[PDB]
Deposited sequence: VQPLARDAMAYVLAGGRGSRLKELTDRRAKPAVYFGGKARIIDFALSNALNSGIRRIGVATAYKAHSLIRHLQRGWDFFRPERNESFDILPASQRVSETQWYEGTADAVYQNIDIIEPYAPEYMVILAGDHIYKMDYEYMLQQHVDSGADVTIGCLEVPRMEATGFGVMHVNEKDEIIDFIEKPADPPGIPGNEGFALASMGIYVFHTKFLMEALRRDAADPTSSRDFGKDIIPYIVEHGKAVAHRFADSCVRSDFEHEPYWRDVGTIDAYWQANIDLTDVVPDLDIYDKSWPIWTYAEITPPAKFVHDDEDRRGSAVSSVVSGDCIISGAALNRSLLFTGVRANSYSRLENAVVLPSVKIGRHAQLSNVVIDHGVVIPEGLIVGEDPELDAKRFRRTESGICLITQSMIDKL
């Protein structure tokens, strides 16, 4: 009868540094990185907890966390404890298990029956009620959310070796040749970093783990493999609980772990039929947002036409004689006369000077592009001035601009 989410606390691991995103995460954590037009990455895991009916949320932070904490303070500010709601920001860790262990004194006063451990650095929509039900009905010590991926794609993941009842018999960190699913050997089960426990069980294990000087104090390296060995670990299929819009052709999950994958996932939202339906109202993503003026398009000559094509344009964007194609603009962008953006992911408050022409870029928050700058024409010059992927995507920060 009663939803299991009533008795669950969501515990968000938001220490992720996202190193291979380089200067994008130099002064902010990966969960604080903007995505999709408005939100930040962490807002998806948070919104999944909210929409699943989980009213107690803890967020463990650490690295360059101030802008992540400022975001949480201002955007996730509507929980009231006297309605049995809590939003706890928990800065420091020794590992992902220690990030929970160190805050056991905040958890236990709430006495939640269940813990939902979440990675806060992925983009995905998921109804955690299904995982909670499966966890209690199975009897498991830990239920682990997993993606169905072709075996070749599973090589970058922690992979769960499963039997034909979906009980986890082995776990390999990044196998070059991942074990297949019994009876569907084309696909392997890749762990999402999503774990469901009985709270008292979990607390046994964080204490057991903290006493062990051999342990790296991580769920992935230490606690999960221990349970796979002497306990009972079961797998939950993302496809069973993923919240799919009518306009999403497959379950959506993205890591945006590299500058290419980050650029791709954002730019794919300019498609006619995007993989991610950012217009779904039935599973909405809450974030911090302000009342902003509308987007403005001005100038209509043969020399300059302020307009966007196959693009996503947020509010408070003034497109002044600038030509946009296959670009995603966050809030507050000013693009000026005769400038051109193509294949551009443009983070909030960026300013594009007159006559600048940029292609295949990610522009960091607040960057002021000088008048006349060109990017995307000269691979060697671009690679010297900016961070350039093998793909030809240039990440542009203010400190790179300042160095010219």
- Note on the structure: The answer, as deposited-sequence ranges with no C-alpha, is 93 to 101
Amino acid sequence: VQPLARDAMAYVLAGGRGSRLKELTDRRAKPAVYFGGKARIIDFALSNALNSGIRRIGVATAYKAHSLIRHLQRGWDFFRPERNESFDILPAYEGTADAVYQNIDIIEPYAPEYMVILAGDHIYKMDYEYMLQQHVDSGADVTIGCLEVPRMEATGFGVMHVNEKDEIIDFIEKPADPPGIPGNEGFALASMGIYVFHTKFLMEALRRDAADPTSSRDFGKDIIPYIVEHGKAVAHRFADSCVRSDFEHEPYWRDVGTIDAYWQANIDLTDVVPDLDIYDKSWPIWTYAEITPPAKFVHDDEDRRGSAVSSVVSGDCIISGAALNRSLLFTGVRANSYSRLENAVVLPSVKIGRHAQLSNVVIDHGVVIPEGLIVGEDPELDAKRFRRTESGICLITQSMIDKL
From here on, numbers count along this sequence of modelled residues.
- Return whichever of 114 to 122 and 205 to 213 has the greater mean Cα B factor according to the PDB record. 205 to 213
- Query: As stated in the PDB record, which stretch has the larger average Cα B-factor, 43 to 51 or 354 to 362?
  - Reply: 354 to 362
- Message: Given 300, 290, 248, 85, identify the residue with the highest C-alpha B factor in the PDB entry.
- Response: 300
- Select one of 284, 294, 158, 306: the residue whose C-alpha shows the highest B-factor in the crystal structure entry. 158
- Note on the structure: Sorting the chain's modelled residues by C-alpha B-factor and splitting them into thirds places residue 29 in the middle
- Item | Lowest, middle or highest third - CA B-factor, residue 230 | highest
- Relative to the other modelled residues in the chain, which third contains the C-alpha temperature factor of residue 338: lowest, middle or highest? middle
- Task: Please place residue 393 in the lowest, middle or highest third of its chain by C-alpha B factor as given in the entry.
- Result: highest
- If you rank the chain by CA B-factor, which third does residue 103 end up in: lowest, middle or highest? highest
